[PDB]
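> So that we are looking at the same thing, I have put the structure below in structure tokens.
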Amino acid sequence: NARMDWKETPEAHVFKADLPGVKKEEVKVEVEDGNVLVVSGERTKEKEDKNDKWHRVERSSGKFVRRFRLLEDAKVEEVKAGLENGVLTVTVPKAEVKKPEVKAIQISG
Amino acid sequence: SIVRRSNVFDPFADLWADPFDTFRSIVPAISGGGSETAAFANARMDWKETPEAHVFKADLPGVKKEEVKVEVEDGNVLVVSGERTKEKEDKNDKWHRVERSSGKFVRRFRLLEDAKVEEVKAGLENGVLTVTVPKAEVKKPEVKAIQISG
Amino acid sequence: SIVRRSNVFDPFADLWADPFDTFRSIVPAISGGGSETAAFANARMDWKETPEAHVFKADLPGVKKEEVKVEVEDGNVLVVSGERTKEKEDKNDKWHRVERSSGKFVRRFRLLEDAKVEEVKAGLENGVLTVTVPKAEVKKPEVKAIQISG
Amino acid sequence: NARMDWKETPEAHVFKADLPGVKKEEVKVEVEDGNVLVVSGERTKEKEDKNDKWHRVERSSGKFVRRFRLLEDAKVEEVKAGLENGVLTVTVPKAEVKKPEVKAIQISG
Amino acid sequence: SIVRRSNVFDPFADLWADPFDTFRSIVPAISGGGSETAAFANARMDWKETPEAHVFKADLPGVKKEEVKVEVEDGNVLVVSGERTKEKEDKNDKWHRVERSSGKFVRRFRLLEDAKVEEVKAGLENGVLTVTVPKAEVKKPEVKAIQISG
Amino acid sequence: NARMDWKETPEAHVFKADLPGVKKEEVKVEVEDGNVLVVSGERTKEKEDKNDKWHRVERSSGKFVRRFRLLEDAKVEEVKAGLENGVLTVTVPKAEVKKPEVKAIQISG
Amino acid sequence: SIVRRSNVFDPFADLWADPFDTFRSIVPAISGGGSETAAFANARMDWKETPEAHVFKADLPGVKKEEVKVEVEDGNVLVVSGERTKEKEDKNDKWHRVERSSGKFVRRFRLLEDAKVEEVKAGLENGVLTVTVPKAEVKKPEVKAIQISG
Amino acid sequence: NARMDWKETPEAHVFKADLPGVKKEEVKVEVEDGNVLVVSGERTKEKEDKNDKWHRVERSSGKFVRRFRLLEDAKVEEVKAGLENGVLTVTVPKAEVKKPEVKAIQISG
Amino acid sequence: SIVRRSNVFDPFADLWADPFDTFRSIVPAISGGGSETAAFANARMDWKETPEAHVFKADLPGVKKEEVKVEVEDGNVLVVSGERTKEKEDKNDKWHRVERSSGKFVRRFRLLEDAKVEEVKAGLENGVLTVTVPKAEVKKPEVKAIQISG
Amino acid sequence: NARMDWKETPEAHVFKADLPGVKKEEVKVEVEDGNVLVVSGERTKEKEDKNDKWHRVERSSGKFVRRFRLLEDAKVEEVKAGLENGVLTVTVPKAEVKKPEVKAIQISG
Amino acid sequence: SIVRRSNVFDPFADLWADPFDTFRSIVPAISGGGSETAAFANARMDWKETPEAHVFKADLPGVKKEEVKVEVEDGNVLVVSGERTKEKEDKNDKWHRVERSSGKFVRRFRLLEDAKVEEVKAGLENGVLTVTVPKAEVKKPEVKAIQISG
Amino acid sequence: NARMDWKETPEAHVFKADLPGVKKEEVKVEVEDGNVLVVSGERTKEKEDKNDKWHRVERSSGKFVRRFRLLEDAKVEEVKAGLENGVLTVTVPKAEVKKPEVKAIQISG
């Protein structure tokens with residue numbers, strides 16, 4: 001289970017993914033079927049030796065797969081992917097810069 | 001499993017037309033994709049529809065208005081989001097027990113009718129956010145009662 | 001809970017984007033409305049998508065073609081329905097045990113692309129209905145691989 | 001749990017409901033909010049006396065509620081409701097008679 | 001797992017003497033053999049024993065008497081079976097939703113006493129089948145109350 | 001799970017089994033311990049290739065086993081087995097033709 | 001719920017012909033009557049049928065033959081009962097932890113054929129009771145294979 | 001849940017029932033339908049006052065019902081019922097004294 | 001999983017401070033170690049704290065005082081143990097059904113205050129063991145009520 | 001379920017509790033048995049009228065109870081309790097001001 | 001249910017000596033008190049004991065060292081706490097989906113031996129916090145093997 | 001699951017374990033980490049041949065592991081282990097013979 005956020009900037013749709021303990025050689029970022037962002041990889045289990053003793057185990061390991069459907073008109077050739085401090089960031093440029101229409105409301109009452 | 005759009009709660013969605021079919025279909029898919037339920041927990045919300053308006057409630061204890069946001073998108077989508085700030089309390093304190101653990105979150109609801117954004121009221125009080133959305137007048141088109149032959 | 005349209009299975013529906021949220025939301029609504037799952041049991045079906053076409057399978061043991069119907073609605077909705085006829089077998093026979101109990105049923109799937117109805121093939125054999133829907137040619141637009149900086 | 005079918009004829013949308021053991025005085029057929037068909041009633045439990053003894057109980061009892069959303073242009077004033085042999089039938093006339101578009105396919109293979 | 005005879009419901013069977021032992025023993029065997037529960041669903045039935053007779057009820061909505069059968073076997077076995085006919089309704093109709101899906105089925109009950117077949121009454125009304133089986137007279141042999149010493 | 005019916009004719013006990021997608025080479029019909037009818041076989045899974053994509057899977061596959069205890073006096077050497085349209089039929093001849101005793105009752109009320 | 005006779009395990013009982021029906025019927029009756037499962041726990045047993053004989057195993061750790069009893073009733077009912085004696089160990093000892101807690105119990109199995117009681121062997125070793133019941137010779141009446149037409 | 005044993009002596013069928021904390025005024029021993037032994041009563045809950053505080057609760061309370069089917073030929077008028085040290089004992093005399101047929105086997109091996 | 005000391009029930013143990021954390025942590029460890037729950041079943045007990053004393057109840061039907069033991073360890077640990085003797089009833093009797101199956105067992109509770117052993121009363125009656133432990137006098141230090149500002 | 005934090009300052013132990021929608025007249029702050037802090041109250045359910053319609057309900061209501069064991073030497077008479085913005089704060093003064101012993105460690109690696 | 005001290009994970013606690021008893025006791029108390037499990041979710045941790053040292057791992061994705069704290073209390077209690085800061089990212093951005101929702105949290109473990117605080121190493125890398133606690137040398141006092149008589 | 005008792009005599013702590021069907025060659029008794037009693041072994045499953053038929057299976061098989069923490073001052077070199085009639089007995093001598101302090105109470109009431 002890789003937790004991911006999906007935010008939109010006037011310039012692009014940005015995806016974030018918590019991938020603690022994953023080296024960039026274990027993560028794959030692609031675009032399938034022309035418009036499907038696919039983030040996948042493996043969180044390798046550190047099996048080790050029998051000399052060891054486990055008192056607690058809460059961290060998960062194994063394969064992870066995440067898919068988001070991008071716009072039929074997205075800069076598929078301009079998608080960037082960065083990995084730092086256990087967080088993956090994918091930047092999918094938008095065909096044309098333009099902040100989304102959102103009308104804010106005042107809070108008080 | 002492909003996320004294509006944002007999660008917008010709609011009380012008239014078709015997934016509610018056959019609960020068991022829906023149930024039967026997702027139980028096998030629980031161990032997949034991702035979920036916002038954890039994040040959702042930071043903002044338990046109620047949605048009531050009185051004849052006069054739609055009233056939403058959100059438990060946002062210890063949250064300041066500068067940390068919450070109520071917007072309207074595409075004419076009929078109420079959006080509530082925010083993030084409780086770090087308590088600028090004594091750096092160095094000893095934390096014996098910490099249950100209150102809130103974070104970022106975003107919620108959306110599909111209104112039954114396009115809302116008149118200038119009429120939407122939002123107030124924060126005693127940790128409870130309240131969003132009132134005034135509906136348009138209608139005589140609840142009277143109820144038709146059919147006599148059962150046979 | 002209001003039924004507004006027919007149940008059309010769509011593999012890209014949004015209910016699959018957050019399985020647990022969906023799960024969490026309907027479990028409390030199971031004891032409501034109605035369900036076609038019982039009827040659905042008379043036609044367990046598979047849907048496979050090979051690069052060349054969409055292939056549907058339906059277990060319809062002991063059913064005759066005059067009792068099954070494969071139609072296409074609104075350009076992209078495959079519809080499978082029918083009802084196994086009463087076995088015109090010896091009136092007066094003693095029924096020790098009866099498990100095979102099939103009835104009426106209707107199923108719908110939302111195709112990814114409008115189908116060329118004259119190209120759709122449907123065959124019934126050994127109790128298995130097979131519906132093949134030819135897709136249009138595409139080079140599977142190549143897969144783009146992004147080098148991960150950082 | 002009242003089981004209901006929803007069929008469409010060129011002339012109207014027809015609804016069927018299994019309501020065994022229900023007298024027409026216990027069933028209500030209405031149209032709420034202008035276009036929502038509401039079928040409800042109660043399947044009264046025959047409590048009886050303590051002299052009795054129950055060896056098997058599979059039949060349900062209690063309240064039932066069913067709602068379907070009709071077309072914004074349906075003969076709401078022309079809806080009929082019949083009850084016979086434990087089956088309820090509701091006929092919602094369509095604004096304009098017209099069989100639905102359905103292209104049948106041949107089975108053989 | 002070997003089926004040797006027909007399923008005859010008996011309220012005095014020994015499987016009821018130790019519910020948990022029975023429970024404990026079959027849970028591991030659920031994934032085996034076959035079951036008539038699906039078929040049974042087409043005829044939910046009640047069995048009441050008033051002092052005067054045994055009364056059975058069966059929900060058979062939309063069923064015609066020519067489709068139901070009430071027989072008596074081996075002196076003390078009530079048998080109810082049938083199959084709701086296909087609704088000879090407009091061939092070509094569009095099926096939006098189909099939940100009502102009934103089929104063939106057979107049910108048997110072991111009467112406490114051989115029944116006088118000519119006294120058994122069976123009526124079908126408002127979708128409910130009713131089978132009344134007159135018992136023989138007895139003074140309910142009085143109840144003996146033992147004084148508890150000690 | 002192979003669904004089976006067990007009917008009795010004056011001439012024989014007839015068994016039916018839903019076996020969609022099963023070729024007669026995958027089904028076995030036998031009589032064990034002298035009087036136990038055994039219907040078994042496999043509903044082969046069409047594993048296929050990874051080029052494929054599954055959108056829905058409701059049909060079962062694998063092994064199935066069904067056993068019925070015949071009469072100590074049944075034409076064990078005269079049992080027939082037919083397979084057509086996904087339905088298996090086994091005919092176990094009775095030692096002596098004779099319709100079972102069944103007293104029908106009138107329905108009306 | 002009325003106990004009428006002793007619990008005799010029979011592998012060919014009819015309750016096994018429809019596991020789910022049986023399951024479905026007792027789950028609602030678990031909160032009733034009584035149960036010997038607790039007592040049964042003092043003697044977990046296996047029953048194997050080799051071509052030569054019926055072999056029963058019973059875990060009876062720390063039990064002495066004078067405390068166990070293997071009998072045969074009504075020609076075809078194996079009966080195993082007993083009660084582990086109190087350990088005549090140091091009266092006054094401190095009991096830190098006690099998991100081994102065995103008591104009285106009786107178990108019965110319905111043999112497929114009347115047993116020749118003088119041929120039944122019973123041995124106790126390493127806490128395991130073993131009861132061997134010699135069957136009569138038979139050529140396993142050969143298996144008949146029916147060619148499937150159609 | 002009242003735990004009961006059912007033993008048979010050459011003279012009668014003896015039933016035992018654990019009924020801790022039950023006074024003989026709360027237990028009823030009867031014979032219904034001519035041959036059904038019915039043991040029932042209530043294990044009254046000591047509700048008490050709110051001044052109290054419960055640290056552990058494992059003992060059950062409420063109604064209990066137990067039924068055994070006696071022989072169509074049992075001394076129904078000679079059934080005795082004793083209650084001592086939380087254990088109820090019911091003695092149902094047999095029509096004719098006679099130890100049950102039981103063939104014991106030797107243990108050794 | 002290492003057993004280091006005897007199981008002593010303490011109502012103020014820390015495992016009760018976070019039920020779900022405790023729950024969440026042991027569910028995965030159920031299939032391990034051993035358990036006294038079976039043995040515990042032979043002595044269901046209640047512990048009530050009236051202002052005047054601690055009252056323990058134990059269902060020990062058919063048990064004689066020479067078979068039960070109430071001791072006090074390390075100043076504040078009530079200990080209840082025993083073992084119902086074999087009913088010296090007719091050797092040769094036929095056991096139709098045996099549910100009452102009690103065995104050895106030991107239970108311990110951590111008193112809130114060291115008990116004055118000479119003041120502890122223990123009585124056995126109608127199958128119920130009762131242990132009363134007199135507490136020391138205190139005025140329940142009055143309850144302080146804080147006025148809530150803000 | 002009222003979520004509470006328990007922090008310790010050199011001067012006192014501070015407790016926090018999320019109590020959205022609770023007026024100070026519905027909350028009670030006390031000290032039982034001399035050293036047990038008891039926070040309790042009710043989150044009243046706004047039942048309202050049947051004219052209303054509920055589309056979503058996630059917020060809880062009802063009674064809540066929370067207990068913490070203070071030190072046998074705590075300023076029980078100096079405990080303060082404040083309620084603001086749905087958060088309750090209880091300040092339990094310590095017998096003698098004194099930051100707790102805690103040795104911090106450097107993070108880097 | 002009274003919280004008296006902070007939750008300190010101890011692998012040798014007595015609650016692990018009888019999993020089922022513990023389980024059996026808290027299931028009924030789940031609907032009470034409060035829980036830190038939600039908060040705990042922000043820092044899933046592993047604890048491994050190699051012969052050379054105790055190694056703890058904590059998934060703290062996107063967390064900066066100025067937001068995490070590793071301390072040692074009362075000689076043998078490792079404490080890990082923190083709170084991921086708000087992403088000072090574009091104020092005004094549209095949040096389509098938010099699953100990553102972390103908050104404040106504190107965790108404690110009871111070391112088997114008092115740790116030499118100046119030897120404890122803590123590093124943060126790729127979202128994973130690692131705390132190594134060097135143990136003192138010992139020859140693992142050899143394993144004694146007892147020959148089983150009897 | 002190997003059931004074990006833990007009793008204490010003035011001379012030693014005695015452990016008992018139900019191990020029916022286990023030969024002494026399949027059981028291991030040791031002392032790890034200097035003071036941890038470890039009882040382990042396997043209850044071998046008698047797989048046998050396919051000619052066989054199983055009508056009932058309640059007995060368990062497989063590996064079992066049990067650990068008790070002895071006193072830092074226990075005659076670790078004087079631990080005995082006996083196996084008879086499916087019951088294992090381990091005797092851990094105490095540094096100094098001495099019955100535990102236990103004050104008995106009178107039962108009557």
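So you can find residues: chains in the structure tokens are A, B, ... in the order shown, residues in each start at 1, and ligands are numbered from 1 in order.
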Any chance you could tabulate, as CSV, the residues of chain K at most 12 Å from chain C with each one's nearest atom pair and distance in Å to one decimal, using only C-alpha atoms, in chain and rising number order?


```
residue,atom,partner,partner_atom,distance
K:97,CA,C:18,CA,10.4
K:98,CA,C:18,CA,11.5
K:99,CA,C:18,CA,10.3
K:126,CA,C:150,CA,10.9
```

> Would you please extract all strand (DSSP E) residues from region 17-109 of chain D, as assigned by DSSP on the backbone, and give them as a PyMOL selection string?

chain D and resi 17-18+27-32+36-43+54-56+62-69+80-84+87-93+102-105+107-108

> Compile the contact shell of residue 81 (chain E) as a list in words: residues with an atom at most 6 Å away, counting only C-alpha atoms, same-chain residues fewer than 6 positions apart removed.

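Near residue 81 (chain E), the qualifying residues are residues 68, 69, 105 and 106 of chain E.
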
> Using only C-alpha atoms, find the residues of chain C whose closest atom to chain D is at most 12 Å away, then write them as a PyMOL selection string.

chain C and resi 1-7+30-39+63-81+104-106+115-133

> Can you tell me, as a PyMOL selection string, what residues are no more than 12 Å from residue 61 (chain J) when counting only C-alpha atoms, ignoring any on the same chain fewer than 6 positions away?

(chain B and resi 44+46+59) or (chain J and resi 1-2+19-22+41-47)

> Could the residues in this selection be written to a file with N, CA and C atoms, as a PDB file, in the first residue's frame?


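Everything below was put into result_18.pdb:
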```pdb
ATOM      1  N   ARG B  44     -14.870  14.019  10.290  1.00  0.00           N
ATOM      2  CA  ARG B  44     -16.132  13.295  10.256  1.00  0.00           C
ATOM      3  C   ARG B  44     -17.198  14.336   9.906  1.00  0.00           C
ATOM      4  N   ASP B  46     -21.419  15.321   8.576  1.00  0.00           N
ATOM      5  CA  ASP B  46     -22.828  14.981   8.434  1.00  0.00           C
ATOM      6  C   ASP B  46     -23.405  15.874   7.354  1.00  0.00           C
ATOM      7  N   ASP B  59     -16.520  17.814  12.238  1.00  0.00           N
ATOM      8  CA  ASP B  59     -15.830  17.914  13.506  1.00  0.00           C
ATOM      9  C   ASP B  59     -14.387  18.263  13.225  1.00  0.00           C
TER      10      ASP B  59
ATOM     11  N   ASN J   1     -16.303   8.308  22.091  1.00  0.00           N
ATOM     12  CA  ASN J   1     -14.810   8.296  22.074  1.00  0.00           C
ATOM     13  C   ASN J   1     -14.215   9.704  22.036  1.00  0.00           C
ATOM     14  N   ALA J   2     -13.712  10.161  23.178  1.00  0.00           N
ATOM     15  CA  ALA J   2     -13.096  11.476  23.259  1.00  0.00           C
ATOM     16  C   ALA J   2     -11.579  11.283  23.234  1.00  0.00           C
ATOM     17  N   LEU J  19     -13.455  17.702  21.935  1.00  0.00           N
ATOM     18  CA  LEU J  19     -14.868  17.647  22.293  1.00  0.00           C
ATOM     19  C   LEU J  19     -15.660  18.589  21.401  1.00  0.00           C
ATOM     20  N   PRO J  20     -15.546  18.419  20.080  1.00  0.00           N
ATOM     21  CA  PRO J  20     -16.292  19.308  19.192  1.00  0.00           C
ATOM     22  C   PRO J  20     -17.789  19.280  19.470  1.00  0.00           C
ATOM     23  N   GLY J  21     -18.427  20.441  19.361  1.00  0.00           N
ATOM     24  CA  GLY J  21     -19.860  20.536  19.574  1.00  0.00           C
ATOM     25  C   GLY J  21     -20.359  20.314  20.988  1.00  0.00           C
ATOM     26  N   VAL J  22     -19.489  20.488  21.975  1.00  0.00           N
ATOM     27  CA  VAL J  22     -19.888  20.293  23.363  1.00  0.00           C
ATOM     28  C   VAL J  22     -19.779  21.598  24.133  1.00  0.00           C
ATOM     29  N   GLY J  41     -19.043  13.647  29.975  1.00  0.00           N
ATOM     30  CA  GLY J  41     -20.089  14.531  29.509  1.00  0.00           C
ATOM     31  C   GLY J  41     -20.852  13.865  28.388  1.00  0.00           C
ATOM     32  N   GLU J  42     -21.644  14.643  27.661  1.00  0.00           N
ATOM     33  CA  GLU J  42     -22.424  14.086  26.569  1.00  0.00           C
ATOM     34  C   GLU J  42     -22.393  14.969  25.332  1.00  0.00           C
ATOM     35  N   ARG J  43     -22.343  14.330  24.172  1.00  0.00           N
ATOM     36  CA  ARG J  43     -22.336  15.039  22.903  1.00  0.00           C
ATOM     37  C   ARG J  43     -23.752  14.839  22.387  1.00  0.00           C
ATOM     38  N   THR J  44     -24.648  15.716  22.824  1.00  0.00           N
ATOM     39  CA  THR J  44     -26.059  15.636  22.477  1.00  0.00           C
ATOM     40  C   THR J  44     -26.383  15.476  20.999  1.00  0.00           C
ATOM     41  N   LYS J  45     -27.241  14.503  20.705  1.00  0.00           N
ATOM     42  CA  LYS J  45     -27.672  14.230  19.342  1.00  0.00           C
ATOM     43  C   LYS J  45     -28.789  15.203  18.983  1.00  0.00           C
ATOM     44  N   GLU J  46     -28.643  15.867  17.843  1.00  0.00           N
ATOM     45  CA  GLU J  46     -29.626  16.840  17.382  1.00  0.00           C
ATOM     46  C   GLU J  46     -30.742  16.153  16.596  1.00  0.00           C
ATOM     47  N   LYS J  47     -31.528  15.328  17.284  1.00  0.00           N
ATOM     48  CA  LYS J  47     -32.612  14.582  16.653  1.00  0.00           C
ATOM     49  C   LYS J  47     -33.472  15.314  15.624  1.00  0.00           C
TER      50      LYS J  47
END
```

> Using only C-alpha atoms, determine which residues lie at most 12 Å from region 31-35 of chain D, disregarding the query and same-chain residues fewer than 3 positions distant; provide the list as JSON, numbers by chain.

{"B": [51, 138, 139, 140, 141, 142, 143, 144, 145, 146], "C": [2, 3, 4], "D": [28, 38, 39, 40, 66, 67, 68, 69, 70, 71, 72, 73, 74, 75, 76, 77, 78, 79, 80, 81, 90, 92]}

> Store the residues of this selection in a file with C-alpha atoms, as a PDB file, in the first residue's frame.


```pdb
ATOM      1  CA  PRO B  51     -36.571  21.781   3.249  1.00  0.00           C
ATOM      2  CA  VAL B 138     -40.522  24.575  -4.429  1.00  0.00           C
ATOM      3  CA  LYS B 139     -43.904  23.313  -3.204  1.00  0.00           C
ATOM      4  CA  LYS B 140     -42.604  19.744  -2.887  1.00  0.00           C
ATOM      5  CA  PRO B 141     -44.770  19.077  -6.009  1.00  0.00           C
ATOM      6  CA  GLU B 142     -47.443  17.400  -3.883  1.00  0.00           C
ATOM      7  CA  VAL B 143     -47.461  13.618  -3.338  1.00  0.00           C
ATOM      8  CA  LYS B 144     -49.571  11.536  -5.710  1.00  0.00           C
ATOM      9  CA  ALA B 145     -51.366   8.570  -4.156  1.00  0.00           C
ATOM     10  CA  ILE B 146     -52.391   5.726  -6.469  1.00  0.00           C
TER      11      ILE B 146
ATOM     12  CA  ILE C   2     -33.117   5.136  -5.220  1.00  0.00           C
ATOM     13  CA  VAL C   3     -32.811   2.945  -8.314  1.00  0.00           C
ATOM     14  CA  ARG C   4     -32.453   5.362 -11.247  1.00  0.00           C
TER      15      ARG C   4
ATOM     16  CA  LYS D  28     -48.977   2.196  -0.512  1.00  0.00           C
ATOM     17  CA  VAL D  38     -42.357   4.874  -3.719  1.00  0.00           C
ATOM     18  CA  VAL D  39     -43.699   1.402  -2.957  1.00  0.00           C
ATOM     19  CA  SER D  40     -44.042   0.711   0.761  1.00  0.00           C
ATOM     20  CA  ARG D  66     -38.807   0.617  -2.493  1.00  0.00           C
ATOM     21  CA  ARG D  67     -37.913   3.680  -4.548  1.00  0.00           C
ATOM     22  CA  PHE D  68     -37.329   4.153  -8.280  1.00  0.00           C
ATOM     23  CA  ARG D  69     -36.632   7.439 -10.026  1.00  0.00           C
ATOM     24  CA  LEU D  70     -39.078   7.955 -12.895  1.00  0.00           C
ATOM     25  CA  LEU D  71     -38.458  10.234 -15.881  1.00  0.00           C
ATOM     26  CA  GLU D  72     -38.846  13.998 -15.417  1.00  0.00           C
ATOM     27  CA  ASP D  73     -41.456  13.550 -18.166  1.00  0.00           C
ATOM     28  CA  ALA D  74     -43.618  10.603 -17.115  1.00  0.00           C
ATOM     29  CA  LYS D  75     -47.400  10.391 -16.902  1.00  0.00           C
ATOM     30  CA  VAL D  76     -47.261  10.779 -13.107  1.00  0.00           C
ATOM     31  CA  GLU D  77     -51.049  11.229 -13.067  1.00  0.00           C
ATOM     32  CA  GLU D  78     -51.537   8.057 -15.111  1.00  0.00           C
ATOM     33  CA  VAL D  79     -49.660   5.564 -12.932  1.00  0.00           C
ATOM     34  CA  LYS D  80     -51.687   2.431 -12.220  1.00  0.00           C
ATOM     35  CA  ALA D  81     -51.103  -0.127  -9.486  1.00  0.00           C
ATOM     36  CA  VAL D  90     -47.116  -0.571 -11.245  1.00  0.00           C
ATOM     37  CA  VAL D  92     -45.876   4.227 -15.377  1.00  0.00           C
TER      38      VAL D  92
END
```

> Do a neighbour search on residue 12 (chain D) at 9 Å with only C-alpha atoms, toss out local chain neighbours closer than 3 positions, and write the hits as a ChimeraX atom specification.

/D:7-9,74,91-98

> Please, which residues of region 9-150 of chain K, numbered as in this document, come out helix (DSSP H, G or I) from DSSP, as a VMD selection string?

chain K and resid 14 to 16 19 to 29 37 to 43 65 to 67 117 to 119

> Show which residues sit within 12 Å of residue 50 (chain A), as a PyMOL selection string. Count only C-alpha atoms, and ignore same-chain residues fewer than 4 positions away.

(chain A and resi 54) or (chain K and resi 48-51)

> Between CA of residue 41 (chain C) and CA of residue 84 (chain C), what is the spacing in Å?

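Separation of CA of residue 84 (chain C) and CA of residue 41 (chain C): 12.9 Å.
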
> Kindly give the distance, in Å, that separates CA of residue 95 (chain E) and CA of residue 102 (chain C), rounded to a single decimal.

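It comes out at 17.2 Å.
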
> Kindly give the distance, in Å, that separates CA of residue 107 (chain K) and CA of residue 58 (chain A), rounded to a single decimal.

12.9 Å
